[PDB]
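Asks: Chains as they are written, first to last, in the entry's author numbering: chain B, 1 to 30, 30A to 30E, 31 to 212; chain A, 1 to 52, 52A, 53 to 82, 82A to 82C, 83 to 100, 100A to 100C, 101 to 127, 132 to 214.
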Amino acid sequence: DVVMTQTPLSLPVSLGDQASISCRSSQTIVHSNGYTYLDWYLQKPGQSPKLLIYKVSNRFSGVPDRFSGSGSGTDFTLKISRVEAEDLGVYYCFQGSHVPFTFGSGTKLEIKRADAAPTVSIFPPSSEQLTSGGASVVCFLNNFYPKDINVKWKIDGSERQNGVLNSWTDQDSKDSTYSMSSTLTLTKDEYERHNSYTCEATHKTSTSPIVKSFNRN
Amino acid sequence: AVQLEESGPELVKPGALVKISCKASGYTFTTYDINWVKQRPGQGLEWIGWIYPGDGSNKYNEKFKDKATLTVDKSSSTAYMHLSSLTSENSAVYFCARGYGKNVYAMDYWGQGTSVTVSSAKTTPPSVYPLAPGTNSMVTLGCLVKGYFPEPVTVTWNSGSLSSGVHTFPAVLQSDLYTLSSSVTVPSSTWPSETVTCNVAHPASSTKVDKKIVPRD
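1) Under 9 angstroms between the Cβ atoms of A:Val181 and A:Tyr175?
2) DSSP beta-bridge partners for A:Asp207?
3) A:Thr192: buried (16+ other C-beta within 10 angstroms of its C-beta) or exposed?
4) Interface residues of chain A around B:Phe98 at Cβ under 9 angstroms?
5) Output, in sequence order along the chain, the residues in the stretch 171-187 of chain A whose CB is closer than 8 angstroms to any CB in chain B.
6) In chain order, what residues of the stretch 164-190 of chain B put their CB closer than 9 angstroms to some CB of chain A?
7) Less than 9 angstroms between CB atoms is the rule here; does B:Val94 satisfy it with respect to chain A?
8) Tell me whether the beta-carbon of B:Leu179 lies closer than 9 angstroms to the beta-carbon of B:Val133.
9) Assuming B:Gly99 and B:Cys23 form a contact by the criterion Cβ under 8 angstroms, report the distance between their Cβ atoms to the nearest whole angstrom.
10) Just to confirm my understanding: we take B:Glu81, look at its own chain, exclude 5 residues before and 5 after, and list those with CB closer than 7 angstroms. What are they?
11) Per DSSP, which residues does B:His198 bridge with? Please list them.
12) For a minimum of 4 consecutive residues, which ranges assigned as the alpha helix (DSSP H) are wholly contained in the stretch 104-148 of chain B?
13) Any idea if A:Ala201 is buried or exposed, counting beta-carbon neighbours within 10 angstroms, 16 or more meaning buried?
14) Here's a check: name, in chain order, each residue in its chain whose Cβ is nearer than 7 angstroms to the Cβ of A:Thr30, leaving out the five neighbours to either side.
15) Is the stretch 102-118 of chain A touching the stretch 86-93 of chain A, taking contact as three or more C-beta pairs under 8 angstroms?
16) What is the residue span of the alpha helix (DSSP H) that B:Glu81 lies within?
17) Starting from the N-terminal side, write out each stretch of the beta strand (DSSP E) that is 3 residues or longer and does not extend beyond the stretch 31-91 of chain B.
18) Could you check whether the Cβ of B:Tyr32 sits closer than 9 angstroms to any Cβ belonging to chain A?
19) Would you identify the three-state DSSP class for A:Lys38, choosing helix, strand or coil?
20) With a cut-off of 9 angstroms, does the C-beta of A:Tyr52 fall near any C-beta of chain B?
21) By alpha-carbon positions, which one of A:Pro9, A:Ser25 and A:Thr28 ends up nearest to A:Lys19?
22) Looking at A:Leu45 and A:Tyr59, is the spacing between their C-beta atoms short of 9 angstroms?
23) Helix, strand or coil for B:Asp184, going by three-state DSSP, please let me know.
24) Excluding sequence positions up to five away, which residues of its chain have a Cβ less than 7 angstroms from the Cβ of B:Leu47?
25) Is DSSP giving A:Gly15 helix, strand or coil here?
26) Just to confirm my understanding: we take A:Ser82B, look at its own chain, exclude 5 residues before and 5 after, and list those with CB closer than 7 angstroms. What are they?
27) Just curious, the beta strand (DSSP E) that A:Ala67 is in, first and last residue?
28) Quickly, what does DSSP pair B:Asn161 with across the bridge? List them, please.
29) Looking at A:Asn57 and the ligand COA, is the gap between the Cβ and the nearest heavy atom below 8 angstroms?
30) Check the DSSP bridge columns for B:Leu15 and list the partner residues they point to.
31) Given that a residue counts as buried once 16 or more other Cβ atoms are within 10 Å of its Cβ, and exposed if not, what is B:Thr69?
32) Confirm, please, whether the CB-CB distance from B:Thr97 to B:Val30 is below 9 angstroms.
33) Against chain A, does B:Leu104 count as a neighbour if the rule is that its beta carbon must be under 9 angstroms from one of theirs?
34) Please look up how many angstroms separate the CB atoms of A:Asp33 and A:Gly95, rounded, as I've assumed it's under 8 angstroms.
35) Roughly how many angstroms separate the alpha carbons of A:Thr77 and B:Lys45, rounded to a whole number?
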């Protein structure tokens, strides 16, 4: 197997700056017939992988000239000049010269932007859910930079740890921010047993936590 | 327009068999390699093999020779992959790609992929709960999608009208059931003076739910 080793595995690039990805290889991708079937692909979150570069340097139609590929035999590079926000996703180098055909591991391209506070929103369980006998309390932490964030739940002003599930977004393709959602799930009985429910985010952008709360009545 | 239509999601019990299908349009099917690529939940692409529909000749990656069988149907321009003896670690997204042939030197058109989940759990549709606030000029509304199986679930607001300010979070699995949320932000003068509705699809259960978000009384 021709091992494809990509450096780095993570690429933090500022908006407008050049971004280069290195692909090294176990053997020569120069095929018996003389051609070099080395390709670059792009997989944006939630999409199929798309062809960007073929045969080392040739870019697939519809791919902007901002993308260019170079290198030879064992060593290869892909450069993205003047990076845009919609460029983020995973970049793969790929060899089609020697069976089996092999991909490199991913190069994740993340972008750097200005600091942004999270917009915090708290929601009581809906009437529909209460009727089923469950009671989820959902809190949104939206459009913040950078990645790091934490949530503390309080039932009646006391920290609740058990029963909480969290989910983080991939980087947004428009405004380049991250997002998070937290869900405290209870029984209607457990939920009706208490009164105040608070959601608090700590971010690096503020000293104090953003506190959003509601009372069951 | 070159196109590759892959079958819908699959839930199959451990130690079973699945037949994945891929329908080609917009080019001469019989003169281009069809490739398959595995992608496990998390990261990474892995090449399974190609079939040449013209004469049914193939090449497999050794690792997959015992689990993957490639066939083709010329008459319907369809390519097929059969996956056998199914483990949990076989739960992945499997892609279709047109490869080698006249003026094609890479995998230039990919199918949308087919998500294959291997579990003994039961297909169950989501319950979609509304999320409304308990003038900022900007208001954040949401939908809770809870208790469905398997993946995926697509969420869309007002039949696609609102793309901006839309965040749908990765699902979190607990006790054989997935839960995700999605949020949307709109100017306050457009809610609830106008209708905001989330559209959840669950292809595995063939279920669409459309929930309208109305204020609390």
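We put the beta carbon where it would ideally sit given N, CA and C, even for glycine.
Replies: The structure says:
1) Not in contact: A:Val181 and A:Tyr175 (Cβ atoms no closer than 9 angstroms).
2) In the DSSP assignment, A:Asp207 forms a beta bridge with A:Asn196.
3) So A:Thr192 counts as exposed.
4) The contact set of B:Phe98 on chain A, defined by CB atoms closer than 9 angstroms, consists of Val37, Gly44, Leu45, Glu46 and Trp47 in chain order.
5) Answer in chain order: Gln171, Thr176, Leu177, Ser178, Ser180 and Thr182.
6) Against chain A - using a Cβ distance shorter than 9 angstroms - the residues of the stretch 164-190 of chain B are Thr164, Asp165, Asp167, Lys169, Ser174, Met175, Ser176, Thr178 and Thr180.
7) Interface residue, yes.
8) Yes, the Cβ-Cβ distance between B:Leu179 and B:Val133 is below 9 angstroms.
9) In this structure B:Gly99 is in contact with B:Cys23, their Cβ atoms being roughly 5 angstroms apart against a cut-off of 8 angstroms.
10) Excluding residues within five positions, the ones whose Cβ falls inside 7 angstroms are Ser168.
11) According to DSSP, which records beta bridges pairwise, B:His198 is partnered with nothing at all.
12) As far as the stretch 104-148 of chain B is concerned, its whole alpha helix (DSSP H) runs of at least 4 residues are 122-127.
13) Around the beta-carbon of A:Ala201, 16 or more other beta-carbon atoms lie within 10 Å, marking it buried.
14) Counting only Cβ-Cβ distances below 7 angstroms, and skipping sequence neighbours, we find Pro52A, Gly53 and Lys73.
15) Judged by Cβ distances under 8 angstroms, the stretch 102-118 of chain A makes contact with the stretch 86-93 of chain A, as three or more pairs qualify.
16) DSSP places B:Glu81 in no alpha helix (DSSP H); its state is neither H nor E.
17) Qualifying beta strand (DSSP E) stretches, in chain order: 33-38, 44-49, 62-67, 70-75 and 84-90.
18) Yes, its Cβ sits closer than 9 angstroms to a Cβ of chain A.
19) It is a strand residue.
20) So no, A:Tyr52 is outside the interface.
21) Out of A:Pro9, A:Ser25 and A:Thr28, A:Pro9 has the C-alpha closest to the C-alpha of A:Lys19.
22) No; because the gap between Cβ atoms is not below 9 angstroms, this pair is not in contact.
23) B:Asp184: helix per DSSP, three-state reduction.
24) Closer than 7 angstroms at the Cβ level, and outside the excluded window around B:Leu47, lie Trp35, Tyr36, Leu37, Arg54, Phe55, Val58 and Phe62.
25) Note: A:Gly15 maps to coil in three-state DSSP.
26) For A:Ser82B, where only same-chain residues beyond five positions count, the Cβ hits under 7 angstroms are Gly15 and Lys66.
27) Residues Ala67 to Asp72.
28) Answer by DSSP bridge pairing, in chain order: B:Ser177.
29) In terms of ligand content, the structure shown is empty, and the ligand COA therefore cannot be addressed.
30) Beta-bridge pairing links B:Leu15 to no other residue.
31) Under the 10 Å beta carbon count, B:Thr69 is surrounded by fewer than 16 other beta carbons and is classified as exposed.
32) No; because the gap between Cβ atoms is not below 9 angstroms, this pair is not in contact.
33) Answer no: the Cβ-Cβ gap between B:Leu104 and chain A never drops below 9 angstroms.
34) The pair is a contact, with the Cβ atoms about 4 angstroms apart (cut-off 8 angstroms).
35) The straight-line gap from Cα to Cα measures roughly 21 angstroms.
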